[PDB]
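Engineer: Here's my sequence, what's the structure:
(chains A, B, C, D, E, F and G, ligands or ions: 1)
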Amino acid sequence: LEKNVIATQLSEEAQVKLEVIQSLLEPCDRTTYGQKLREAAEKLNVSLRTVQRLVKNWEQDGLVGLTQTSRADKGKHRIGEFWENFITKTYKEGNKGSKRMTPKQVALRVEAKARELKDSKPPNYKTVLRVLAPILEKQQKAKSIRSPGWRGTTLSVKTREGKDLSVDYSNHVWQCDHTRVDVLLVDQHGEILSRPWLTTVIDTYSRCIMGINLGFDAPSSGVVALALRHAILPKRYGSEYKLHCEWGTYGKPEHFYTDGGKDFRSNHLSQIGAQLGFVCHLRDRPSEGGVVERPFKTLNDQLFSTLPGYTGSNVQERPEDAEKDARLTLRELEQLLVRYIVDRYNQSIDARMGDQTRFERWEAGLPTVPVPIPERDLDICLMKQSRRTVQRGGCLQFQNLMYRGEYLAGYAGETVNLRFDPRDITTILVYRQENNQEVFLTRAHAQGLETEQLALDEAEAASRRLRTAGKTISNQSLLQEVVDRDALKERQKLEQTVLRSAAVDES
Amino acid sequence: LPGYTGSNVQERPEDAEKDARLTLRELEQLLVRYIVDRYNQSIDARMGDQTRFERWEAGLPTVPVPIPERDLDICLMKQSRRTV
Amino acid sequence: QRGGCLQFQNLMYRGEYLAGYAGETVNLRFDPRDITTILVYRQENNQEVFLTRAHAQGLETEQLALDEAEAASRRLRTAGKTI
DNA sequence: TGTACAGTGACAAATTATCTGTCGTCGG
DNA sequence: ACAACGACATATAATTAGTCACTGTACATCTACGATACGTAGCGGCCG
DNA sequence: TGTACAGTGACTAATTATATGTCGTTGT
DNA sequence: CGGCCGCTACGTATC
Ligand SMILES: [Mg+2]
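Structural biologist: Residues are numbered from 1 along each chain as shown, chains lettered A, B, ... in the order given. Sharing the structure here:
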């Protein structure tokens, strides 16, 4: 290869040598050039042989030949190899696994071996630091390494399969994951609840935020189903959100890309994906999915750090007043966060581009305007019970609840596919297999509960209590084990009440 | 020691639960060797002249009289009254 | 250091009006023949500015010279090195 | 090619207290 | 006779190991645990 | 006046690759 | 007396 070297910051001594060399650039004659050397021996206080060496160092190296080169020992240690290997490997072994041995502690191991070997000059602690110095800088550098980024309109998302998804247009690849927000919220009475969970759905091509879910609720394939319908459907917000632009963003993904959480690697999201026709894809590392993750730092920096009750990004940065200074309810935080996403965030510049907004790039990036799906057809969100069988008397029994259906007595002994809503299990949609296809059969209803609404976590909590209470299984008996615990509080029920009040304001 | 958790969660070695090995009896063997042979034998700061133990022992107003172990019955809890 | 204190030759010095400068850097001047009192100067763009006097604390009344304080310090280091 | 917002070096422009001429005034 | 290069000797700051006074930051109850999913096994009721 | 250990500027001693003379040798 | 089929319970994995 090519091998060049250039001098810099030359002057401090070297300008005197440079002026000597400038006076000597030409062998004018054998008589005169010797006189020029013997004259230069007045500017440098040195013999003819020192000036002849200077001229040879200049002619063979150029300007660096004026500068004094560093000694051959620079960076080598005089303590001998035994001690240099003992010190290096002792450090490394002592920082193996969970151990975090300090150089001082390494020096103690040096004095201990020197005592065993009857040495008299075990390296001093100051020299231990020096010997370990280079392998500490490396560690600090290896943490600090920057990565460039996608540049221009071309983007290839890596999966856990080693396949890359080429992101060609708007709604080609959506992405999703969850996080805690960093604000403690209060109930409608001003008492502490908990820090909400935020879900975001993003389109990869435009980086526009295509939908959210905010709530005290837990990450679940239900919260993902709700984030999906909010992303897919056309969006409506009332004047109490004070929006000055529209979240005009909707339609159905071709692919959905996620971390490996049990919300996403689930049969429920598989069934949603098969019915909507989108393919579920797995993120290979957290560092591949920055389009999901980075909305979250921006929101900490642009929104949540400026709100009362802020908790910091971690426990070492927690404002000590966070538990006393909380003020917002979930309905206030959503009314702030939705505004932020519609008026600010989707209207800001797409950073890869510099000359489009995130929304402008999404809208112009559709291959065609997609048709709005009917709100009833989002019943593909309903969970599937795969292999329950019809009992004689036209009956289905399910999470203790017993169901009756309009044609269902025709199919006693047969196997049926049941589609249901975890928010309301009073009613079941019954499908059956015919010609190796599902066909709709009937809207079965929990007998004697046709006037009544049970969510699955209520029927489940009532069943747990009923099992442990030792009472019999029936549709009312389960309702009886709800209505007391309803009427008679526990943080999850208090959270659920505030979350419900937000869902009411959605209607 | 194996199983070190760092000072707080931000330092927690990812292997802390993979690398735990000591029983409570073994940690106490180590901790008492350390306190007797090392910590109480180190030089007292705020002085520099004296070993920490030597400063305790020379510091005494008098040699204390040992208390018979049975006379640490005083450590028993009192139930302030019961009525016969 | 807090309350207007400085460390010099292992002695601790307390400044007369210095307490407002805690956590600041100051420079300082003294006569080697007698380091019981030290003169503290604030640092500025082309100048040192005289700030206040500071006096040694916890020492014997007899006036302390600089060479004598170095000696006290090497006696402590020698004693520590016996352990 | 992970990612995108806030903080930070590097450079340019308008304003003002400060350094320089030139002249006038006063003292030795 | 003049200039350039090497042998040999001699003095020299760069580098490293060591010592010392001043200072920064942890000790100050605290992440194993909660919340989802799947995958497999079990309990009695109903039928042969 | 919290409290005491590990890391850090500031200075010094031992070692060495390196710059300087001085002379011998060779080319011109 | 023996076998088959809904609703609970334990074990494992991941954010
Ligand atoms: Mg995740």
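Engineer: so where do the strands sit in chain A?
Structural biologist: A:156-158, A:164-166, A:173-180, A:197-203, A:209-215, A:255-258, A:279-282, A:383-389, A:395-398, A:401-404, A:415-421, A:424-434, A:437-446 (DSSP state E).
Engineer: Stretch A:96-107 vs DNA strand E: in contact?
Structural biologist: No - on the criterion C-beta under 7 Å from any atom of the strand, stretch A:96-107 is out of touch with DNA strand E, staying 8.7 Å away. Yep, even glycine has a C-beta here, placed from its N, CA and C like the rest.
Engineer: Output the strands of chain A in TSV, with distance to residue A:6 appended to each entry.
Structural biologist: Converted to TSV, those look like this (distance: least, C-beta to C-beta, whole Å):
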stretch	distance to residue A:6
strand A:156-158	40
strand A:164-166	42
strand A:173-180	48
strand A:197-203	48
strand A:209-215	50
strand A:255-258	49
strand A:279-282	50
strand A:383-389	70
strand A:395-398	81
strand A:401-404	83
strand A:415-421	74
strand A:424-434	77
strand A:437-446	76
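Engineer: Which one of these lies nearest to residue A:471?
Structural biologist: When those are ranked by distance to residue A:471, counting by C-beta to C-beta, first place goes to strand A:401-404 at 15.1 Å.
Engineer: Show me what the closest one pairs with in its sheet, parallel or antiparallel.
Structural biologist: Looking at strand A:401-404 with DSSP bridges, its partner strands are strand A:395-398 (antiparallel), strand A:437-446 (antiparallel).
Engineer: Also compute the angle for the longest one relative to strand A:415-421, please.
Structural biologist: Right, the one you point to is strand A:437-446. Strand A:437-446 runs at 60 degrees relative to strand A:415-421, counting by axes from the mean of the first three to the mean of the last three C-alpha atoms, to 10 degrees.
Engineer: list the buried ones in strand A:437-446?
Structural biologist: A:441-442, A:444, A:446 (16 or more other C-beta atoms under 10 Å in any protein chain shown).
Engineer: can you dump the C-alpha coordinates of that strand into PDB?
Structural biologist: Taking Å, rounded to 0.1, in the frame of the first residue of the first chain, the C-alpha atoms of strand A:437-446 are listed here in PDB:
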ATOM      1  CA  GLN A 437     -63.800 -23.900   5.000                       C
ATOM      2  CA  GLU A 438     -65.300 -22.000   8.100                       C
ATOM      3  CA  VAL A 439     -69.000 -21.100   7.500                       C
ATOM      4  CA  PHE A 440     -71.000 -18.900   9.900                       C
ATOM      5  CA  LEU A 441     -73.600 -20.800  12.000                       C
ATOM      6  CA  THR A 442     -75.100 -18.600  14.800                       C
ATOM      7  CA  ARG A 443     -74.800 -15.900  17.600                       C
ATOM      8  CA  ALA A 444     -74.900 -18.100  20.700                       C
ATOM      9  CA  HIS A 445     -75.800 -16.300  24.000                       C
ATOM     10  CA  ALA A 446     -75.100 -17.100  27.700                       C
END
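Engineer: Distance from the chain centre to that strand, please.
Structural biologist: 41 Å (C-alpha atoms, centre = their mean, to the nearest Å).
Engineer: likewise stretch A:418-438?
Structural biologist: Distance, stretch centre to chain centre, for stretch A:418-438: 36 Å (C-alpha atoms, centre = their mean).
Engineer: Quick one: end-to-end length of that stretch, please.
Structural biologist: 11 Å (C-alpha to C-alpha, to the nearest Å).
Engineer: From the rest of the structure, what touches that stretch?
Structural biologist: The contact list for stretch A:418-438 (C-beta atoms under 8 Å, 6 or more residues apart in numbering or on different chains) reads A:222, A:379, A:382-385, A:388, A:396, A:398-399, A:401, A:403, A:405, A:408, A:411, A:414-417, A:439-446, A:449-450, A:452-457, A:459.
Engineer: Restricted to buried residues, select the residues you listed in ChimeraX.
Structural biologist: The following ChimeraX line selects those of the contacts of stretch A:418-438 that are buried, judged by 16+ other C-beta under 10 Å:
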select /A:222,382,383,384,388,396,398,401,403,405,408,411,416,417,441,442,444,446,449,454,455,456,459
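Engineer: Among the contacts of stretch A:418-438, which ones lie close to DNA strand E?
Structural biologist: Within the contacts of stretch A:418-438, those near DNA strand E by C-beta under 7 Å from any atom of the strand are residue A:222.
Engineer: separation between residue A:311 and the ion?
Structural biologist: Note on residue A:311: its distance to the ion, by C-beta to the ion, to the nearest Å, is 19 Å.
Engineer: hmm, back to that, distance to DNA strand F for the strands of chain A - can I get that in CSV?
Structural biologist: Compiled in CSV, the strands of chain A are given as follows (distance: least, C-beta to the nearest atom of the strand, whole Å):
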stretch, distance to DNA strand F
strand A:156-158, 39
strand A:164-166, 43
strand A:173-180, 31
strand A:197-203, 37
strand A:209-215, 40
strand A:255-258, 42
strand A:279-282, 41
strand A:383-389, 56
strand A:395-398, 62
strand A:401-404, 61
strand A:415-421, 57
strand A:424-434, 58
strand A:437-446, 64
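Engineer: ok, now which ones touch the residue of chain A found nearest chain C?
Structural biologist: Using C-beta to the nearest C-beta, the single residue of chain A nearest to chain C is residue A:124, 13.4 Å away. Residues counted as contacts of residue A:124 (C-beta under 8 Å, 6+ apart) are residue A:107.
Engineer: how about a cut-off of 10 Å?
Structural biologist: Contacts of residue A:124 were listed using C-beta atoms under 10 Å, 6 or more residues apart in numbering or on different chains, and they are A:79, A:107, A:110-111, A:130.
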